[PDB]
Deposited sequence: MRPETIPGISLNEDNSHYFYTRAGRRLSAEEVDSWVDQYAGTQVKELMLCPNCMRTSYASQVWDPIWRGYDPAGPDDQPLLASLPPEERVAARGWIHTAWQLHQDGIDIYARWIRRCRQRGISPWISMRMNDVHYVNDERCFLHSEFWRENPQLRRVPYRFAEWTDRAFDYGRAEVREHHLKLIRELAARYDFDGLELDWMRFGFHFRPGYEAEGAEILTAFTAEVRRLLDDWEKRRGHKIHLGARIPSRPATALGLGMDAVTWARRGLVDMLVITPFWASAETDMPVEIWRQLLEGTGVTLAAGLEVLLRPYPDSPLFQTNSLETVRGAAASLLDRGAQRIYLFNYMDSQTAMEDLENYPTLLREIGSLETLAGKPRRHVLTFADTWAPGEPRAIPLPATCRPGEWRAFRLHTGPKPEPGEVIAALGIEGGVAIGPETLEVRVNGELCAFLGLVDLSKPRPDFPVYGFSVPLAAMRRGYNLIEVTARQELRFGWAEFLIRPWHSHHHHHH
């Protein structure tokens, strides 16, 4: 009964259905796969710097597009020939829908309402994909012509260096124009301000003035949607995506506790940016901060599952690791599981065969109960400028030294097997090279563990955990090495 909020990105549908000539019936069929699942809300993203619909205030993705022309036309000249094909799929499918008199977002909203799903619009507030290519098709002409509106003029080390500065009245006006348009065009249940595309909105050093500035913006948005409530005759929700820790969120000019205490929002999605799902987020701290405000707190998953920022492995979550992250977060008081980049194809779990089951299981502790789950150690990808970073892996243990890893495993396990699994990097070990304890109790050596994906490219060794040692919430692995060893992977496997 917490349920699932699921995000469809601005590009996916147009890329993956490219070359078909979609009937209204096919377009509608896309909502149906989520019908009768634990999905309460579809968060339909219509935009990056450009819209995928036929906007009158912003650039549609096809601004500059010659439908009858060759791939190397001006709009696409800047990509290599292979990506021209990919990008033209998105551009051409979205344009061809428009020419057919099909508004994909109005169709999806109307289909959502018929199948008993609450339809949301989620707006990217500051997308910067491929801003290293200034002639790139998916940039607004507003962006292209106003380099003086970028947050970091003195350097280009990162895409977020060329993000819009919401410190500028013209940047806030530009984004308010789209919001005004979306609220007039579409009869949604909720607008979501996706601050986490890409989370960086201000000059470095200006984030405190920043926090005042996004609070006043969110209030003007709330007052706008109030007026539309009278025009639509129903309640219209305002939500926001924000970083996973309060100090990083406030540090990036997002004071959500103020937004919450003032009734500017009624839903908040704590999340990482992209580099990995966080399996461990301070949900109970947020619940205390948000107490009495009646905001829905949603715990945001990402599709990738990676042990540390510099890992060369890029694989996704499986049903077992999502079950792990969901069991844990629901257990900490998350009032929704929010999925991002978990779409029906291309950007999606690698075990796509299990997507129907996933959408029917991870919205409730009751449906995850007695089901195999995996609780993997990852990291927070997002930090405020100069904010000290806390990255648990990789971690070297010298001989005679102790290291501890805490992992949140949500509800006390059902009867069955519990394994503490540790990945060792650099080419190793015997049964006594590690001494392993969970909550102080000695674990038996099991041997090499045959992990299914996601998995590291180095040996993972299993330690058997006395079932009685396992506790509700955090469980503490404490290891000592008799040989210098570097860990690059840690999880609990639970098999009821």
(request) Go through the deposited sequence from residue 1 and tell me which stretches lack C-alpha coordinates, in order. (result) 1-5, 433, 503-511
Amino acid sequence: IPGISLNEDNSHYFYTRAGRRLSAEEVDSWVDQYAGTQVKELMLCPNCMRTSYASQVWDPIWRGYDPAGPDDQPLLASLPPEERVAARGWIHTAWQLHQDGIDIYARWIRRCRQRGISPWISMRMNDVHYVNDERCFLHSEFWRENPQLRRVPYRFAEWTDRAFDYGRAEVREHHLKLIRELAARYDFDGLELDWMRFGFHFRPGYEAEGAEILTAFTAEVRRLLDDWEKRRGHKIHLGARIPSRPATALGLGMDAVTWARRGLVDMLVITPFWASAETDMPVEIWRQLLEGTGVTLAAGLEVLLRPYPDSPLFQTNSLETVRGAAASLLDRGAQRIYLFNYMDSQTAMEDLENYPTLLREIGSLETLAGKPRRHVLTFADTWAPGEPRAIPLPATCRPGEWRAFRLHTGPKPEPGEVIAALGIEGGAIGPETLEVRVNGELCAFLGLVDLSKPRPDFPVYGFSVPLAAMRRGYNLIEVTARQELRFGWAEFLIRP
From here on, numbers count along this sequence of modelled residues.
(request) Identify the stretch, either 370-378 or 123-131, whose C-alpha atoms have the larger mean B-factor according to the entry. (result) 370-378
(request) Can you let me know which of the two, 150-158 or 336-344, has the higher average C-alpha B-factor in the entry? (result) 150-158
(request) Would you mind finding, among 278, 72, 165, 207, the residue with the largest C-alpha temperature factor in the entry? (result) 72
(message) Sorting 401, 255, 181, 302 by Cα temperature factor from the record, which one lands on top?
(response) 401
(request) Taking the chain's C-alpha temperature factors as the reference, tell me which third residue 20 falls into: lowest, middle or highest. (result) highest
(request) For residue 251, return the chain-relative third of its C-alpha B-factor as stated in the PDB record: lowest, middle or highest. (result) lowest
(message) Split into thirds by Cα B-factor across the chain's modelled residues, where does residue 46 land: lowest, middle or highest?
(response) lowest
(request) Place residue 330 in the lowest, middle or highest third of its chain's C-alpha B-factors, as listed in the PDB entry. (result) middle
(request) Could you tell me which third, lowest, middle or highest, the C-alpha B-factor of residue 409 occupies within its chain? (result) lowest
